RNA sequence: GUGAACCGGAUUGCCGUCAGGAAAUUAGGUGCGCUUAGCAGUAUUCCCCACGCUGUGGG
Ligand SMILES: [Mg+2]
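Residue numbers (the numbering used here), protein chains in the order written: chain A, 1 to 251; chain B, 252 to 618; chain C, 619 to 783; chain D, 784 to 1161.
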């Protein structure tokens, strides 16, 4: 089976990944330019982290040198149009104007885990695989790239997570073909979550899933619809529910 | 552990930080325009404040030759200083950040000695590299990169990297930005034919309510200052006091925006969390309440959501909420989010020092 | 759209005393003064009963106060970004044009509760140049949906198209 | 029985490498490669790299291949770094004393400490196609087509779009297999799908096909190109050349256009209930009946209805969000919400926390309202 | 299990010091809101129950 994780996360003005010219990385989608965070940054951000340090694990999930890793991380994409900005700075002497680039955007992240590959890499152990899945979920929920963080303390937390158990891999990037336009009676994160909701309201009409928002701040579906099997307001409870569905293990 | 400071501050119409064109800085957040105050401006304002002068033991300058010359009564030590620094690798001149006493004494004694230029340059480089004992250097870090293109090939450099122990984010407004333009005309004292229609000028100013975020790592601060511990507590207390009661010196002679923060929240955690997402939706003023109260209410709502969300029983967090004379409570309706609500800044500093360790502010004011 | 045309027609049917009552209420809210509340209710409530897409209370109040102060003649095709933009072709490009343009452009950073004074100065600039006609229905329609980007884009594009002629 | 199977390749980013990538510069081809598609099928079925070369790649090599470019992406470049803050492995080894032993004999003596590393940072630039869609049709035996479709229904391993950081945006098995005689008919059978109502749509769709030999001999034409993408092995990689032709299909006569079939913009819910709908009058009359025609503040005869909340508007209205009120209390409540931004939840007259305010407002009316102004309606 | 897998562009920085939009202006000239009416000397007072061939009691 395959476990798919979708995350929606808003970040404060920062520069978490830049190119050789110092500008934030970008991509092209929906006929517009969007902000991008590289996959090999989110990986090595989740990896090599102190929090994640909780049959050798950390290699079965992410391989090294025919290990056949069981974790797949995609490229983070923005739900709106990119808005790069330039900051003009000078250096004092206490005894020449330079420019830097920064941006702020809301990102959609996609992760996939193959359960059978994880079990086979662990040589039949099944409790260790569940512990690794829980640890990876906790680490991915509470980790950010260590870019220009000393000048841009961007330590925001995700505002919505969806865990799915589909038969085939598929990403919901097509829910963001039209860039999000902010209206007075809503905000950016709410509109992004509504756009996501109006992509699983379809498809089924024309599997199960667990939805998590902090203290039920943003509920999936702008109605009393059953598009989500369970709505959970705690991260540990979400981990426990996923652990139970994996085959009934205790966190 | 990690000390997290959050502030809500409303400022009078002023221009504290301005760009090349002479306009207040702005940014995009939540899809809307917000006013911005840069992090380096805040760090510089705190560094050169009256509440931090007892710990200002570092200088960042490119005119090191003048400082070396000033450590001499009548000896001529200017051209040789420039030559030695050029062989060092500082050939536009590179900015050097390090302690004052070390550079003064050691550069004076080594430079004035009758030794070879290469050996003197090597000793100067070693002294510069090893001079990383100052609270400001520990707080802000250091990155020195000698130019290998025009430096003597005989000299060799050592480690000159100091990892920072302080993280400061750009201040952003809780509402939409409203830039304003003021038109001025200069007058002449003596009457006469005068000019034509007059030269109307333009000055850009704005007023906004800012949210400020600071993060301090205690272990890294201790490691930077070696096994000393009281100095770290003194630095933390002085930094808190300076950040509480210091503002950038922009157009302050015409815009005296000396306002004080209305709400401070100090938390002790193990991982950094930012409450900026409390203001993704801009704050709109209605006929009831004011800007500060709505901002504090939104901040309290987001804090409650975060606390009732990502929560682990194995590592609970606590903090103190400070408002002047308890005029702006956090839990306006029922929630007791904070533990030890304090109505005095000095009491808050004492509580923070007490939680950090067995520290009294009077005792630590000696290092 | 029906609902705004009849509102503007009813506004144009008022006499001197009601216009003065609304004039003395400029810069004030709807609730503090009772005569203004009663007059606005009498003018507005049946329209809201009959038509569901009627303008909201705030926009209608703002438009009523502006009409009471300025009293322009309704004419289709005489919107603000055209008259302002045809006027802007007679000023000195170096000094006066940026000063007028900044005041015209400041409207994009304000909500419906703060759009009285800038519109007042814009309409005063219009009145200084002998302008006797304005499209009130179109202005109300734009102000109703001011929180949408395409509306502002069309506004600015109309301004530029009128100016470049 | 069907003889051809269809694959849809669509995503935000994808890459199909070309033969002109032998260094840190990795470029991509304009269309999906045969080797990449065969590798995707092998991964879906569950054959490893060392087993595909044995009687699984030759079988799939005989299939005819054709790709239709629905929409082409934009070429984008990514700056990649490897090994910063760590040490990279080098290939340097100590020369042997004699040439007698090398390879497997010397590999048995390899130790973890014999390897050598160096602190450095590897730099590279990699090419991707952004916002591209492709349709691939594979034609051959019916049993193989059925097996491939069954495997593609549920993949054994994760499948990507040339690089593991490129997950699909649409299901790969969206189009069921069918029976067709030529590749052109199979490619023209599948329609062309839009994403939103107003978007540019290509007038002509290019197609890249394998070149059928026809009769025995029949040397390749002058427009045929050589592509080095016939798989022979995957570990180590080995590719062979093939002949490829290009054609086109003009939309509107051989390829049809599908509708939107969905909603893109989310938008909030519906406020602004109607005062002329029959349901609203029915529920208002019922609510007035429940309250015994008595105001909820002053207990005077009631004539109006106040909406506590605006959860539903027009179509549905329960008689529980409404309260009965007289003229004065309704007017006071209206003037108490003009600029508060209550949106959904309005004033509830039963709540004591409002009472002291409401009466106060009422007083003002009784002090200032003129009955001659409500009469003579202006 | 795909020119594929293993894969961070990283570390450092105040745009600070300067400014009156000012001098002069009546919004004035003309106008009826007028014609009309008992809260009272009656000929069925909107509904229900009980006793009689009008009297009690409830709305
Ligand atoms: Mg009442």
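We put the CB at the ideal spot given by N, CA and C, even for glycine.
Nonlocal neighbours in the same chain, by C-beta distance under 8 Å from residue i, ignoring five residues either side
| i | result |
| --- | --- |
| residue 679/C | 648 and 658 |
| residue 1007/D | 994, 1026, 1027 and 1028 |
| residue 597/B | 612 |
| residue 860/D | 908, 909, 910 and 911 |
| residue 1069/D | 1102 |
| residue 553/B | 526, 528 and 529 |
Exposure of residue i, with buried meaning 16 or more beta-carbon neighbours within 10 Å
| i | result |
| --- | --- |
| residue 1133/D | exposed |
| residue 258/B | buried |
| residue 360/B | exposed |
| residue 778/C | exposed |
| residue 271/B | exposed |
| residue 995/D | exposed |
| residue 806/D | exposed |
| residue 1017/D | buried |
| residue 486/B | buried |
| residue 281/B | buried |
| residue 405/B | exposed |
| residue 893/D | exposed |
| residue 205/A | exposed |
| residue 881/D | exposed |
| residue 494/B | buried |
| residue 605/B | exposed |
| residue 174/A | buried |
Minimum C-alpha distance to residue i - residue among the options
| i | options | result |
| --- | --- | --- |
| residue 428/B | 455/B, 448/B, 578/B and 444/B | 455/B |
| residue 722/C | 664/C, 650/C, 632/C and 744/C | 744/C |
| residue 1077/D | 1050/D, 1091/D and 1109/D | 1109/D |
| residue 703/C | 692/C, 780/C and 746/C | 780/C |
| residue 212/A | 181/A, 9/A, 162/A and 167/A | 162/A |
| residue 701/C | 623/C, 773/C and 758/C | 773/C |
| residue 126/A | 246/A, 3/A, 65/A and 4/A | 246/A |
| residue 97/A | 87/A, 106/A, 14/A and 195/A | 87/A |
| residue 628/C | 682/C, 717/C and 670/C | 682/C |
| residue 312/B | 292/B, 289/B, 341/B and 483/B | 341/B |
| residue 1090/D | 1083/D, 1082/D, 1120/D and 1081/D | 1120/D |
| residue 420/B | 385/B, 475/B and 524/B | 524/B |
Residues of its chain near residue i, where Cβ-Cβ distance is below 6 Å and the 5 sequence neighbours each way are ignored
| i | result |
| --- | --- |
| residue 839/D | 830 |
| residue 940/D | 826 |
| residue 54/A | 135 |
| residue 273/B | none |
Beta-carbon contacts of residue i that lie in its chain and below 7 Å, excluding the five residues immediately before and after
| i | result |
| --- | --- |
| residue 414/B | 392 and 471 |
| residue 509/B | 498 |
| residue 241/A | 210, 230 and 232 |
| residue 655/C | 648 and 649 |
| residue 316/B | 329, 332, 333 and 336 |
Any non-hydrogen atom of ligand 3 closer than 7 Å to residue i Cβ
| i | result |
| --- | --- |
| residue 536/B | Ligands in the displayed structure: ligand 1; ligand 3 is not one of them. |
Please list the residues of the region 637-662 of chain C that have a C-beta atom closer than 9 Å to any C-beta atom in chain D, keeping them in chain order.
-> 647, 648, 649, 650, 651, 652, 653, 655, 656, 657, 659, 660 and 661
Entirely within the region 918-978 of chain D and at least 4 residues each: give me those alpha helix (DSSP H) ranges in chain order.
-> 925-936 and 966-972
In chain order, which alpha helix (DSSP H) runs of at least 4 residues are fully inside the region 678-731 of chain C?
-> 698-704 and 714-723
Note down, in chain order, all residues in the region 164-198 of chain A with a beta-carbon under 7 Å from any beta-carbon belonging to chain C.
-> 181, 183 and 184
May I have a chain-ordered list of the beta strand (DSSP E) segments no shorter than 3 residues that lie completely inside the region 40-93 of chain A?
-> 71-73, 76-78 and 85-89
Name, going along the chain, the residues of the region 221-251 of chain A whose beta-carbon falls closer than 9 Å to a beta-carbon of chain D.
-> 222 and 223
Runs of alpha helix (DSSP H) wholly within the region 813-848 of chain D (minimum 4 residues, chain order) = 817-828, 832-835 and 840-844
Interface positions of the region 407-435 of chain B facing chain C (Cβ-Cβ less than 9 Å), listed along the chain = 427, 428, 429, 430, 431, 432 and 434
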